[PDB]
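These are the residues of each chain, in order.
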Amino acid sequence: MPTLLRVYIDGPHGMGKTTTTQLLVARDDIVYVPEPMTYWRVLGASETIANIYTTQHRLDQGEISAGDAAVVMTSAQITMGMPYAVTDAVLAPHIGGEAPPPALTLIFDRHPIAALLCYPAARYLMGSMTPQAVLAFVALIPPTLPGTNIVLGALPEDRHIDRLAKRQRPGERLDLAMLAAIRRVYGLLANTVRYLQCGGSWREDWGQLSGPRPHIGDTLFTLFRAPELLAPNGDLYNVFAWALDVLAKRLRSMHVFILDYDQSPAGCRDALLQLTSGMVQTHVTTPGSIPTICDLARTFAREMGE
Amino acid sequence: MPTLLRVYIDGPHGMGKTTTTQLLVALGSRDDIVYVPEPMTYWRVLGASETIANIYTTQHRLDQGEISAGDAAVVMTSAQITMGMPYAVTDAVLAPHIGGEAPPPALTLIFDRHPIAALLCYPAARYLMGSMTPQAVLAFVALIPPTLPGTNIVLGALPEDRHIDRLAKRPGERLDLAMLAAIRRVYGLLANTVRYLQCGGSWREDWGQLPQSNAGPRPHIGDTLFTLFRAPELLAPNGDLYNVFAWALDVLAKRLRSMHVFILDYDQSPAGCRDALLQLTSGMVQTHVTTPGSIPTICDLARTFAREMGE
Ligand SMILES: C#Cc1cn([C@@H]2O[C@H](CO)[C@@H](O)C2(F)F)c(=O)[nH]c1=O
Ligand SMILES: C#Cc1cn([C@@H]2O[C@H](CO)[C@@H](O)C2(F)F)c(=O)[nH]c1=O
């Protein structure tokens, strides 16, 4: 059966992700799946991004409670992740085991974990989502398929602020606190994958949060030493501990690649191209999978891309 | 390999599901059948504060016109996410233990509700009540976990008059007969949807045409869950579904079609329901487990869950 390469370009917004990749299919055997802006602004709800930034701004000003903001943020994040969740689910049966040239390369703008883990966790750090909601999203992260190659960004903070200022989505507000939270989350994400792959056991190391791989205090696990999640004696409730077991399973089999964005758009493009030589390809499951996947991807772009 | 029997008792609230589940479990030896309760403690305390009360209060304030549909939707959507969390995690932790479909089972697990109750049925019912968008319902559907082998779901049958009587007597709940009608309709649609799919129905082929299961002829698509999603919000200018929503229905078909549905008549005494459920288990699908230590592991998981979150 023919081979497929899936490449998810992810990481904090405002680094230059949607430019870099736009230049990458810029063709028959590569398809670019862009961010589903139309879903966010129109199809799923009205101006979800505006809704998100306005809610945080009003929380910050003290015009609404943490409680009101959390229910708003939570349902908004549901809208945000929907196109990623449907796409993953319809693609899943087509994905075979690990596998030469690929018959088809899909380059996605973001992986489901952006809306089902990273953004929720950042909003938690922003005081506008409960950690219990975050772990509800985590519990729903689809099982990690073979060949899940995820590209995360590296960019010094000052330069990132400069780029973000020019890359504001419709309805977005330039929020340096959110920028720092989302950068911390993705930093912790990269660390967490490494911790897990080198054989780290969160349950074994959990005691260190109260005291060769990253320290657990430098992974996503540290975020869930939140008091909401803990019994009167300090123990994590089992239901949350199980969500963390799921988090561990999902993240461990991801293939992370770091893309230096502190260079020219053509440079970023070339660097992304270089990275592909180490990415994992899979077979598809049926002979008709390749054109079906192509049609899915192109229909997504056409209908939901800006 | 030793075998496992998983049975999810589901359907509208107020039918006697929870009692039936306990009665059935009380028949078995302690360590060959385990009860996985509604995570009431999660709903009331651990996940958020009094979520059930929040749900019913919000619907009421919508009905009274004290809040907008928009405000009700964001509360209802967040609350439904909270409702489903323990179901999702439990399914995710059980999944790698389950083998292919397959003497008495080494272990029987009786669940109070399947993940689809919180990820599909209640959201769909709330959408019918005007307190959730159909887009959000389809987001929940997109997130329904892959259907494990040997997913036996038992749904309820019960005359509406007896059901209403049962509810008006036997929290945070408020007596809402409109919601009762909605959730009864939704589970009836569900039963039909499984039968429709297993009879080879293709919603895309039948789209233009807009109970019981494991028996009978193929339902009309208008009597399945697919009919709920002919909503103006989901339709393109040309009048077809946007592809994104269409893909969510494809997921809906995929998840439901491999399920094994049974209908239990609740219009009888608690012991009657128990024995009826017991007879029904005879035609239910078991699975192998993936490791020998899966049986005790699964057992501990079920008991830990029950202890922490059961009422
Ligand atoms: C995927 C995704 C998400 C994107 N976004 C935002 O949408 C835009 C994506 O470019 C950007 O403003 C953002 F990244 F901040 C969210 O707020 N939440 C998400 O879950
Ligand atoms: C599972 C479940 C759910 C239960 N419930 C309610 O919880 C209560 C106990 O089951 C009952 O009032 C109910 F079933 F209606 C919801 O409102 N939503 C759900 O998703």
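Conventions and cut-offs
Residues numbered from 1 in each chain as written, not as in the entry; some residues may be left out. Chains lettered and ligands numbered in written order. Heavy atoms only, no water. Residues with missing side-chain atoms left out of burial classes, pairs and counts. Helix = DSSP H or I, 4+ residues; strand = E, 2+ residues; numbered from the N terminus. Contact = heavy atoms within 4.5 Å. Salt bridge = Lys/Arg side-chain N within 4 Å of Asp/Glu carboxyl O. Polar contact = N/O pair within 3.5 Å; in protein donor to acceptor, adjacent residues only side chain to side chain. Near = heavy atom within 4 Å. Areas by Shrake-Rupley, 256 points an atom, 1.4 Å probe, with all protein chains shown as cover. Nonpolar A, V, L, I, M, F, W, Y, C, P; charged D, E, K, R; others polar. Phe/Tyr/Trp six-rings, centres within 6.5 Å; stacked < 30°, edge-to-face > 60°. Buried < 20%, exposed > 50% of the residue type's maximum accessible area, 1.4 Å probe, protein only. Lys NZ or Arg CZ within 6 Å of the ring centre and 35° of its normal. UniProt positions renumbered as here; feature names shortened; annotations may be inferred. Pairing = 2+ DSSP bridges.

This entry lists X-ray crystallography as its structure determination method and reports a resolution of 2.100 Å.

Helix and strand counts for chain A come out as 12 helices and 7 strands. C-alpha extents for chain A along the principal axes are approximately 55 × 40 × 35 Å.

This part covers the interface of chain A and chain B. Contact residues are listed per partner, giving 39 residues for chain A and 35 residues for chain B. Our count for the chain A to chain B interface comes out at 0 salt bridges. Between chain A and chain B we count 9 residue pairs in polar contact in total. Elements with a contribution of two residues or more to the side of chain A that touches chain B: α2 (37–43), α4 (66–91), α6 (131–139), α10 (238–252) and α12 (289–304) of chain A.

Further remarks concern the site of ligand 2. Residue and element names in this part refer to chain B. Inspection of the region around ligand 2 gives 14 residues, with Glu38, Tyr56, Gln80, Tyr122 and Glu173 positioned closest. Residue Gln80 places a side-chain N or O atom 2.8 Å away from an oxygen atom belonging to ligand 2. The fraction of the free accessible surface of ligand 2 (430 Å²) that becomes covered by protein chains is 97%. Among the elements of the structure, α3 (51–63), α4 (69–94) and α5 (115–128) are those that each provide at least two residues to the shell around ligand 2. Its residues placed into classes, the shell around ligand 2 shows 9 nonpolar, 2 polar and 3 charged.

The next thing to look at is the site of ligand 1. Residues and elements named next belong to chain A. Around ligand 1, 15 residues are found, and the nearest of them are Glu35, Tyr53, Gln77, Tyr119 and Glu172. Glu172 places a side-chain nitrogen or oxygen 2.8 Å from an oxygen atom of ligand 1. Against a free-state accessible area of 430 Å², the protein chains account for coverage of 100% of ligand 1. Sorting the residues of the shell around ligand 1 by element identifies α3 (48–61), α4 and α5 (113–125) as the ones contributing at least two each.

Applying the stated rule across the entire model yields 16 aromatic pairs over all chains. The interplanar angle of 70 degrees and the centroid separation of 6.3 Å between the aromatic rings of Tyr242 of chain B and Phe245 of chain B together place this pair among those described as edge-to-face. Neither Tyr242 of chain B nor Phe245 of chain B differs from the other in exposure class; each is buried. Lying over the aromatic face of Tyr261 of chain A, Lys17 of chain A brings its terminal NZ or CZ to 5.9 Å of the ring centre. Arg126 of chain B extends its terminal NZ or CZ atom over the ring of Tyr56 of chain B, reaching a point 5.4 Å from the ring centre.

Below, the discussion takes up the UniProt feature "active site" in chain B. All names here are of chain B. Mapped onto this structure's residue numbering, the UniProt feature "active site" falls at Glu38. Mapped onto the elements of the fold, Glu38 is located in the loop between β2 (33–36) and α2 (40–46). If near-sequence neighbours (up to four positions away) are discounted, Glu38 is found in contact with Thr18, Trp43, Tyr87, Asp112, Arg113, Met309 and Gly310.

All names here are of chain A. Pairing analysis gives 3 bridges linking strand β1 (residues 3–9) to strand β5 (residues 149–154), with the strands arranged parallel. Counterpart to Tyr8 in the pairing with β5 is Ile150. Note: β5 against strand β6 (residues 255–260), 6 bridges, orientation parallel. Within β6, the residue paired with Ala154 across the bridge is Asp260.

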